[PDB]
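To begin, one chain is listed below as structure tokens, in the form deposited without the DNA.
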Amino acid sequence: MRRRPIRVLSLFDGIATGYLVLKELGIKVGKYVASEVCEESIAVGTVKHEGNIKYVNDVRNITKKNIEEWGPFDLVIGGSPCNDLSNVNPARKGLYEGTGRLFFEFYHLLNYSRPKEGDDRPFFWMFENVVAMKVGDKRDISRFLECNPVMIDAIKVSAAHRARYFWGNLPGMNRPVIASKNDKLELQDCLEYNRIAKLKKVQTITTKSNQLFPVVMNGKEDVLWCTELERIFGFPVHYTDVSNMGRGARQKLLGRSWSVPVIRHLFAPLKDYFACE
């Protein structure tokens, strides 16, 4: 074989974390097809990566013919919505109703993009979701993906808790995570000038607003700025300073994000199968 650029199908793409990681690793991307419906999430992916992403809309309007002509794909990634799978949402609707049932669209589209059994080309995939789901949901997801997840917490490579399950077949998914020198492991490393962290790892961040006041500046307590939020999640500073987005919109996007240092741990072994620079 000869290593060629990678072709990615990103479902529930969000703020294009997947494209960010692959480009940051030095991997060539031939095609990055993203399924995402939030126009603010699409806005940041469109300009931060300058139109290299081919956005599609509802995951549920992608047909088998769509997969055939948009592809072939080498990497199918996705992190379906979580508000109906998370335990400490009292009004959760479970894996089968609400937004939780969107997982099956990933499982459906995965087998569509899966290569034939005569074809033995490299094909990797990865599905992410929350650890705080009922054991019945975690079980059913493994039954459909035909594999068990690996649990990787962002606390080991970032300054915040974020335990998430990771189903997939990526090379070395089970190898131990080790932080880099460039990873900011304590909250103080992610703050702006003249800002003191009371904690050194803050609690799992969600879409919603003394853990709500975890920094003290000039004796007074304060909330975190989005520039600091972007550092906690490992994103480039000002990654979400797009389309006049304010405090609420930027936290919503980052609140449901991937912790990119965890993703670059997962995606790093992928250099060997696809062309780099």
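Superpose the two forms; the largest set of C-alphas matching within 1.5 Å is the rigid core. Note that residue numbering begins at 1 and tracks the sequence as displayed. Only residues modelled in both forms are compared.
Another form, the form deposited with the DNA bound, is not on view; read the next lines as being about it.
Residues placing heavy atoms within 4.5 Å of the DNA in the deposited complex fall in a single listed stretch, namely 161 to 169, out of 115 to 123, 161 to 169, 175 to 183, 100 to 108. Heavy atoms of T17 never reach within 4.5 Å of the DNA in the deposited complex, leaving it off the interface. In the deposited complex, at least one heavy atom of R256 sits within 4.5 Å of a heavy atom of the DNA. At the 4.5 Å threshold, heavy atoms of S86 reach the DNA in the deposited complex. Taking non-hydrogen atoms only, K31 never approaches the DNA to within 4.5 angstroms in the deposited complex. Just one of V157, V130, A197, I152 comes within 4.5 Å of the DNA in the deposited complex, counting any heavy atom, and that one is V130. Think of it this way: in the deposited complex, the DNA has a heavy atom of just one of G51, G26, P236, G248 within 4.5 Å, and the residue is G248. Contacts between 183 to 212 and the DNA, taken as any heavy atom within 4.5 Å in the deposited complex, involve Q203, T204, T206, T207, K208, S209.
Once both forms are overlaid on their core, the sole residue range between the shown form and the other one with Cα shifts reaching 2 Å in three or more consecutive positions is 210 to 212.
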